[PDB]
Structures are given as C-alpha cells and as structure tokens.
RNA sequence: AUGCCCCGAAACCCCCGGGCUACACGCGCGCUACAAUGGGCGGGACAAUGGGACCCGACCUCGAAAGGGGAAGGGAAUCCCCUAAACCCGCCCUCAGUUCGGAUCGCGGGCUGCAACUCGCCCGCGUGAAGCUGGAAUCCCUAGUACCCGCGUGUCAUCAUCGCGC
RNA sequence: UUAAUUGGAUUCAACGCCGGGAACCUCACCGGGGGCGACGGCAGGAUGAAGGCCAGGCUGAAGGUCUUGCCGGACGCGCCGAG
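Residue numbers (this note's numbering), protein chains in the order written: chain A, 46 to 176; chain B, 2 to 149; chain C, 8 to 122; chain D, 3 to 216; chain E, 650 to 751; chain F, 12 to 61; chain G, 4 to 131.
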C-alpha cells in the first residue's frame, strides 16, 4: 500500500514503520519504536503491507498507552492538566492542550505568559544581538 | 582456553545464543521501552539487546571480578550531545544493569560479595571457558596460528 | 466551568494540602513539601483572616515566589516588583503558578533612533 | 574478523599494506627515481623525525606521503568551484587510523578495477600528474615581470600528491558517494591522462600560463 | 612480628633527607632491620591566577606550585630503637607520623 | 536588624583576608585569600617559580 | 630475560623465555587484537628477525599507559629489545637499525605543557 | 597603603524586593550547525593535571534519571573520584535539508540552596529553527608541532560553550 | 529602553576583560522603610532609658510607628567642633 492512513494521518508505505509513524504530529522516532515493540511487529518491516487490523491495533495503543506496557512516563504530558493521569498527546489534542496552557499562562499574566504574549525568551535566554 | 584466548566480540556473540536457551535470563516488561543508556540519543535497533547486555556483564565479571552497579554504568556510559554545547560523556542508566545482575545472581553464574560487587562462580567460569574452548577450536582450523 | 486535574475550585478547596500539592508541578509541590518561610506563613494568616473578614486592610506583599493556592481565589493583593506593589486579583485559574510571575519587573523595551 | 587475520598473515613476507609486494613496481621518469622510496615495510607509519631533517621526507614510503596528503585535506583559503572542502564530520586530522583503513579500501577498489598492482597505477598517475613549468615575479627598477620557471622534482611530487588528494576530497565533499570511491575514481583518471581528473586539469592549467610568460 | 611504619613529610628536600639519614644511622646503630627509606610520590599542588589586577591587559596567568615530599620507613619492633626516635630533632618543616602494624 | 544575614554558601560566604574583595578567593587547603593578594604573599609562602 | 619499553606514556615490561612460539599481550594472543594496525605494529619487529626465532621463544608482555597505538608500539619496542638481548646477534640489531632507528633507541618525545591564552586546544593555540 | 576634595543621621549602616541576563541592529571571541567518516546495536585496547571529611564516596537495593534507604575504606602510592576519549571490528539504515542537528513550546520527576518564571542544571516526552559550503576581505602556526578527541582541578551548592593543566 | 541593566576598559595596548561563578548577598543601579552622630563643648540627669514587651491600626513586614500598660536599673536625647 503506497498510502497507509493511521489515526487519520496518511503515511508513505515505502518508509519503515518506525519511520512511518513519525509522520504523525504526536509520534516520534522513540515513540514509534516503542509502539512497534508494543505491537510486536518488526519496526524494520515496511509500512506498505500494514493491514487495517494492525492500524486499529496502533490506534487503540495510542488510545490508552499505559495499559499496553509503555510505562507511565514515555508520554509527553504525564499527569495531564485536566485529569491528573498519564496520557499521550497527538496532533489536534496536542494543539488544543498547548493553546489551553498558553491561554492559562496569559490569563494568570505570568512572566512566562508575558513573554508568550509577544515572543521572548521564557527560560533565561539572551537577545542583545541574538534572535 | 580461557576468555583471554578468544576475541571479545565473538565470545559475546557466542555466549548470547547459549544464554537464549536458559529461562532465568529474560528481559523485564519495561526493557524495550527504555534505551540502553541515559546518554543514548536513541533506542537500540534490534530486540535481542537485553541478552547481549547480560552476556556482556558476565564477561566483565569473569575478568574484573567483584563489580558494582555504578562502575557498570560508567563503562556502559557514552558520549552524548548537549545541544549547542559540545559532546560530553555520561553514565548509562542503572536499572537495566541492576536487573541484569540480579537475574544473573538468580541464575547462579555470579555471587554477591557485599561491599565489593559480584564475582564469578566456578560454574560461570566453566560455562565461559567451555565457550572459549569451542570458539578457539573453531578459529584454529581457519587460523592455524592459534594452535600455538 | 473551571477544571484542574479533574477538580473544580471548591473540589480543590475541600481537600488538605497533600494531594493538593500532588496536583502541582515538581517546582511547586516540592517547595510546598519543604515548608514555608516565617513571612509566607504570616502572609497566609493575613489572607485567611482577610477572607474571614478580620483583616480589612488592603493587603500588600513582596513574596514573589509565593505559590498561589485555590484558597486565595477571589481576593485582590498587591505584589512588589521593586518599586511599587502592583495590584493583582486571584481567579480560579491562577492555581499552580507563582505570584512573582504576575508583576512586570522590567518595563517594556522599545527602540529609538540610533546614535 | 577473518579477512582481517588473513590480511594480517599474508604480509608476513615483508609486504606493504597486506599485498602488492613492491618489487614489481617501477619508476619511469628519471626525476622521481632518487626521490620515491620503495623500501619494504609492513606499515606506512614511521612517526619519524623528518620534520627534523631538511630533506628527510624523501626517505618516507610513498603511500605514507599519500596518507599524509589525504589527512591534510579540509578547509582553507583554497577555493575552487566555489566550495568549502571542510570535514566537520569526523575530521581526518590526526586520525591516521582512518587514513589507513580508508586508503586500504581505496587501494582494494583499484585492485578490483584495474586488475593490476594499484601501486603501479599510483606511480603512473603521479608521473602523469606532475607539471613541468610554473611562473614567478621578479622586478628590476620596481617594474615587476613574470618569468617562467621549472619546478624542482620534490615540489613536483608534492603538488601532484596534494592535488590528487584535493581532487578526491572535493569529489567526496557534499556528495552521495564515499571518500574511498572518490580517491579510487580520481587516481585511475589521473593514471591515463584524462582531463576529467582535477589532478590532470590542474597540472595542465599550471603548466600553461608559464607557456606564455616566457 | 611487628613493624612500625614512619611517615616523614616535609616541603624541604634537604631537611627530609637529613631526618631520613638520622633514622638510618639510628636503625643501623640499634641493630634493627629497617626497611630503607621509600620516598612516596611527591605532591605538586598547583593554583592558577590571572596577574592583571584590574580588568585590562591581555589574558596573562601564572601557576604557583607547592612541592611536598614524603618518605616511608618500615622498622622492625625494637623498643630500644623506638625510644630513641622520640629524641630526633624534627625541623619545623618536617613532620613524623608513626603507626604500628602487626 | 542591622546585621548582614549569615551565608555559608555562594560568593558572599567568602571575603578575602587581606583585601576584603568578595570575588576571586582561592581556598585550596583554606588559603582564604584573594587572587590579587596572592602575588605579594606567594614567595614568602615557600612557593618557588620553576 | 626482562626488557623495557618506554613510549610517550606507554610502559611495556616484556619477559622472554624459550618456548613454542607463543607471544601474548596482557594475556591476549597477538593475532586476535581487533585493531588491525596495532596488530601490524606488534607483528613487525618479529617479521624481519626471522620465522625460526618467531617459533623458538615465548614472550609475555604487559603494557600499561598510552593508547592502543601507544601500547602496541611499546610492545613493539619491548619485543625489539628482547630479541637482541636474547639472541645477542649483532646482525639482527644492525638490520633493525636499517629498518628503523627507534626500535632500540626509541623516541623520547612527549607532549609539551599547555600555556595561557586558550590553553585547552593546545600550548600554542591563541585567540584571533 | 595612599594626598586633595565632598557628605556626615546623608553619599553612614541595615531590611525587603527589582535589576545586574533587559533589545528593531552591529561588534570580538568561543560552542553548535551545515553528513555518509556517518544515525544505530554489541565488543576491545587503551592516561594524566590532580581532588577528596558536612568530602570522595566504593558497595547493596528502589526509581528511566537526577536522586531515595544503609554503609566499607580514605586527613591519602594502600579507598573513592574513575569512566578516559580519539579509534577498529560482526551487522542494519543508503544521501534526503533526512536515519544530521537541536533552538523553541507545555508537561512529569530529581537536585541544590530560605527562595531558581525574572533567576540554574539534569532524566525524558509530541516537539525540534536557520544550515544543501558563505562575496571582496581577513586571523593563527611552523615537530610530536598544528589539528582531532577526551579528562579533571581552581573560581563553585546551581549556573562556562569561561579558563587552566594533563 | 528601563528603576536597573552599576561602572570601568578603546585600535595594536577594550570587548569568554574586571566577574578567577549575580535567584538575599554579590551592588558599585533603582524604590521603599528602620537605626544609631563616637569623644568632647552647650543642655537634660536618679525627675527614672536610650533595651525589649504583648492585643492590635500604619508597616511587604518588625514595640520600627502609634492607642494600650509596664520594668531593667542605669547616664544617655539633641546642636557645633570632630566623627
């Protein structure tokens, strides 16, 4: 399969699966490799022969990552702001969560939020000749 | 023939496939989801990396005798990039090698000396020098100069 | 409505500080674990009394590293940035962030003609 | 590690690299016979005090000189075709073991390409890539003028080696194919007088100009 | 058997050698097997400091060093030989620490 | 109120013996001395240039 | 017979006795050391000496310090001294000198002390 | 140390906080980054300046890790720091702004110190910027030297890509 | 630009320099507050502190400030010279 769509995001089957999953905004190289280990399939094996049952296997792996053997910490937002549990964040949900955090820091008027109001160094970076 | 008389890489490759058979050495549930070292920028590629770790450790215990977790972290440590800073050395994670050594102790190949580390039992030496004798016999026909 | 780790303002209020800190980041939870200075406890007593109604003074403060708790929601306090005590008001959304983030210590830097 | 041990036991009979015993190699041009060293050594790595000897670089083995000129190649004011020949990716400087293995594999590629002694191909390329004339500026009364000059053979082999190395390195740089391939292509081009070689082209262009500056 | 390990530490080479000579002649006069003086590695403590007092001038620093030398003497148990070492004239730059080892 | 706070840590925890500058203070074996002060005191300290 | 080797920081102690031909480097056979160039440096001193003397003696060498290049070259130095001391053959020393001047003399060169003004990159490395 | 002049409940002292790191550009020097040596897996030969008592901390165990619980030895050739690195091999990936590089965002955890968003670092995570070799112009060096690579000590709890020594 | 990015350093001979380590400190910059003038001359003195003391309003805040009520037993407010 030249085009293989997983989680609504199309990928090229020519790439290896560990590389194919990275095309999604919300899976990295490390994350792709460990979810490949979760699925038990060889990460080297190309993505073009991915039957839809394995696509759903990956979809429901992303649906609940902790129960699949991936520890509680490999997710990008453990102790999620609105549940207190560990959940992985993908694509649109990551967009909404990051915007909610940005609007959070703004409405509290934090220095972090203040630098996010105009685009400046939040963690001590200098801009005399830089940026 | 001992571990001294054989190449280390070939000895490790030979020992791993023999350790495959025994059930005591097994990766834990969390092994594949954690890269072999803190310093590492990537996860290991193949799925057998756990056994190669254990097969490595025993060889060290054959030669370096009583060894602790921290020194194994230091030897298994490596060079990591710090970003726009240069590249620097760091020690590997400790939990992986701790589980490996604990499984090895449960296998009986090594014994714990408190305050000093873990040393190699008579059985471990027998297994390793049997492996080394087989490897040296294998390499003798291809390289006759190893007969000496 | 307001949500924080699955708990609203009052749901956060009814519980003690232990899990309430377990909901906070490392930098906040750990600092709360290691205790509060003599002037943080005094200011907390001041604001608790003010919320009760005993302390009717307009409350000024200087503790910039004071972590906002849900109990402080709904009150106006003046925090020091170096010159004056800028006023701030605590809404339910302030939870989990320091007070010193909320005062401009540096005024805006704009650009005039070069020399 | 079996081909390694084979290449370790083959040169027991005093042989350079692992193979290609240098008795069959020959020198054709009369200028390079008393300046190219065909001494029998297993390794081209002497660590010698030739920097402490005025003319003690001639006693070094030829392929040791080639390894040097290979490990001197990245980054300079030397700008050709608008290209910064720079190795920010494991620079060859002081890493003579890479400058041993890469050269060994390159010479292997030559052996399987030409089917002959690659050292013979190398000496033929050196002879074909050595220029014969150059220029200098001299002034009487402050009026400068260009005068044709003929190079000392030591500087001829120096420029030939450095130029071959630079051509190979430029071929490698910012390019898909590897450095051993670059050297292997370059020296075989230089052997049989193809202008496609950067070495031969540079020899021709430096031999010219001096033609008209007489 | 018992043997005393004597550590003689000094910054001055000549005073340390003089004390070692005194212990040597004491041991050979007292008829006691004395394992000859073993000088341990000399320590070179080094401190680097910039020389410009103000913030100007090119970056110029100097390394100031202290060289301290140490000797070890294993002398067999002879209480007659051990009473007399307490009469050794120890220079101010030399210090002696004697321990007993079975 | 008129007393500086004790400081066991940081640069402020060290004020040189001689010149009293709060900046460079080498404490190798506890010299407790400023860098600019070491030049007048090194030769008398048995230090020797080699 | 005991022999020495000093190279940079590589110190080699070699001991040569009559034997089948076994030569071992810190207990490791000569043929198995994975760096090939180090193996060749270790092999070189006994090549030109002759195959008879290669098979006539056993030498055990312990080399500490330096790199694997330094250790291999110090083992080379120790073997070079051991061959001449054992055989005592002037011709062997003479042809060793022809092949190389440092196989019994050695190289006393070392690394020079670093100096202020960007010492880290080297002694003579200065600012632009 | 230091003349002259000034102030003298301030220009004395102290407390708190802020800043000391703010930026539409330029400057000097360094670090990274512009691949195919390579990204990755395993193995191996390999040092020293030196440091170490609220210190080195071996060593056991929990945690991915920072670190949590206990503790041998060491006031230093005897114990720890501590591994060195460069590099070679058995093998996968096969040249694209990616199998490079990570800024940058938010979250989790650990540290120190009263307190690190201003005002630190680390263990990670979705995250990963320009960069596909740079113009005239111009800096340094001359034998184990230049360069590559790594290491620790001093300033120090944190902070340097500082600096020094090896 | 700011309250502050303290100031110094000017091509060689300033710019990984003072800083050879800025979250209090570092501070030399800014805002705010508190406290003593030593030793004398003039003056008060045991006629009762100048040191601290709760409850509190101002104080970020602290018997600093003041309503409150007081002792500890003693030489200490203040102007000028001079600190």
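Each residue gets a CB set at the ideal place from its N, CA and C atoms; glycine is no exception.
Please list, in chain order, the chain F residues whose beta carbon lies closer than 9 Å to that of residue i.
| i | result |
| --- | --- |
| residue 663 (chain E) | The contacting residues do not exist; residue 663 (chain E) stays about 14 Å from chain F at best. |
Whose Cβ in chain C lies nearer than 7 Å to the Cβ of residue i?
| i | result |
| --- | --- |
| residue 155 (chain A) | 104, 108, 109 |
| residue 129 (chain A) | 12, 13, 30 |
For residue i, which beta-bridge partners are listed by DSSP?
| i | result |
| --- | --- |
| residue 684 (chain E) | E:723 |
| residue 22 (chain D) | Bridge partners of residue 22 (chain D): none, in fact. |
| residue 13 (chain D) | Per DSSP, none; premise fails for residue 13 (chain D). |
| residue 659 (chain E) | E:718, E:743 |
| residue 19 (chain G) | G:62 |
| residue 654 (chain E) | E:723, E:748 |
| residue 45 (chain G) | According to DSSP, residue 45 (chain G) bridges with nothing at all. |
| residue 92 (chain G) | Its beta-bridge partners do not exist; DSSP assigns none. |
| residue 69 (chain B) | According to DSSP, which records beta bridges pairwise, residue 69 (chain B) is partnered with nothing at all. |
| residue 689 (chain E) | E:719 |
| residue 63 (chain F) | With chain F covering 12 to 61 only, the question about residue 63 (chain F) has no answer from this structure. |
| residue 14 (chain C) | C:11 |
| residue 60 (chain F) | Answer by DSSP bridge pairing: none, since residue 60 (chain F) is not bridged. |
| residue 80 (chain B) | B:90 |
In chain A, what lies closer than 7 Å to residue i by C-beta?
| i | result |
| --- | --- |
| residue 33 (chain B) | 79, 82 |
Would you mind telling me which residues of chain D sit closer than 7 Å to residue i, beta carbon to beta carbon, in chain order?
| i | result |
| --- | --- |
| residue 144 (chain B) | 7 |
| residue 87 (chain B) | Going along chain D, no residue has its Cβ under 7 Å from residue 87 (chain B), so there is no contact; the nearest lies around 13 Å. |
Closest to residue i by C-alpha separation, out of the options, would be which residue?
| i | options | result |
| --- | --- | --- |
| residue 95 (chain D) | D:115, D:71, D:162 | D:71 |
| residue 105 (chain D) | D:209, D:64, D:210 | D:64 |
| residue 85 (chain D) | D:184, D:201, D:195, D:171 | D:171 |
| residue 54 (chain F) | E:653, E:715, E:747 | E:715 |
| residue 665 (chain E) | E:688, E:678, E:748 | E:688 |
| residue 2 (chain B) | B:143, B:97, B:127 | B:127 |
| residue 31 (chain B) | A:57, A:91, A:118 | A:118 |
| residue 112 (chain A) | A:130, A:95, A:97, A:154 | A:130 |
| residue 685 (chain E) | E:736, E:724, E:668 | E:724 |
| residue 1 (chain D) | D:147, D:162, D:102 | For chain D, the structure presents residues 3 to 216; residue 1 (chain D) sits outside this window and is missing. |
| residue 61 (chain A) | A:162, A:128, A:74 | A:74 |
| residue 79 (chain B) | B:51, B:43, B:148 | B:43 |
| residue 67 (chain B) | B:27, B:130, B:112 | B:112 |
| residue 57 (chain A) | A:158, A:92, A:173, A:69 | A:92 |
| residue 50 (chain D) | G:112, G:129, G:124, G:120 | G:112 |
Closer than 8 Å by beta-carbon distance: list the chain E residues that pair up with residue i, in chain order.
| i | result |
| --- | --- |
| residue 37 (chain F) | 696, 698 |
Under 8 Å between beta-carbons, which chain B residues line up against residue i? List them in chain order, please.
| i | result |
| --- | --- |
| residue 115 (chain A) | 34 |
| residue 119 (chain A) | 34 |
Interface residues of chain D around residue i at Cβ under 9 Å?
| i | result |
| --- | --- |
| residue 8 (chain B) | 3 |
Run through chain G and tell me which residues come within less than 8 Å of residue i, C-beta to C-beta.
| i | result |
| --- | --- |
| residue 691 (chain E) | Going along chain G, no residue has its Cβ under 8 Å from residue 691 (chain E), so there is no contact; the nearest lies around 18 Å. |
Output, in chain order, the set of chain G residues within a Cβ distance shorter than 7 Å of residue i.
| i | result |
| --- | --- |
| residue 124 (chain B) | In chain order: nothing, as chain G lies at least about 22 Å away. |
List the residues of chain E whose Cβ lies closer than 9 Å to the Cβ of residue i, in chain order.
| i | result |
| --- | --- |
| residue 6 (chain F) | Since the first residue of chain F shown is 12 and the last is 61, residue 6 (chain F) is not available in this structure. |
If the cut is a Cβ gap below 8 Å, which residues of chain F does residue i touch?
| i | result |
| --- | --- |
| residue 740 (chain E) | Per Cβ cutoff of 8 Å: no residues; residue 740 (chain E) is ~13 Å from chain F at best. |
To test your reading of the DSSP string, which unbroken beta strand (DSSP E) runs of 3 or more residues are found completely within the stretch 47-98 of chain A? 48-51, 54-57
Any contact of the stretch 28-39 of chain G with the stretch 99-118 of chain G, i.e. 3+ C-beta pairs under 8 Å? no
Flag this pair as touching only if the stretch 717-737 of chain E and the stretch 15-24 of chain F have three or more C-beta atom pairs under 8 Å; answer yes or no. The stretch 717-737 of chain E makes no contact with the stretch 15-24 of chain F, as fewer than three CB pairs between them are under 8 Å.
May I ask you to verify whether the stretch 78-89 of chain G touches the stretch 41-52 of chain G, counting CB pairs closer than 8 Å and requiring at least 3? yes
On the three-pair Cβ rule with 8 Å, is the stretch 16-23 of chain D touching the stretch 109-124 of chain D? yes
Hey, which unbroken runs of the alpha helix (DSSP H) at 4 residues or more fall wholly within the stretch 44-132 of chain D? 64-73, 100-116, 120-130
For the pair the stretch 187-194 of chain D and the stretch 653-663 of chain E, tell me if three or more CB-CB distances fall below 8 Å. no
Three-pair Cβ contact test at 8 Å for the stretch 70-87 of chain B versus the stretch 95-102 of chain B: yes
Would you say the stretch 147-162 of chain D touches the stretch 181-191 of chain D, given that touching needs at least three Cβ pairs under 8 Å? no
Which runs of the beta strand (DSSP E), 3 residues or longer, sit entirely within the stretch 132-185 of chain D? 136-142, 145-151
Given 8 Å as the limit, is there contact between the stretch 29-47 of chain F and the stretch 694-708 of chain E, that is, 3 or more CB pairs closer than that? yes
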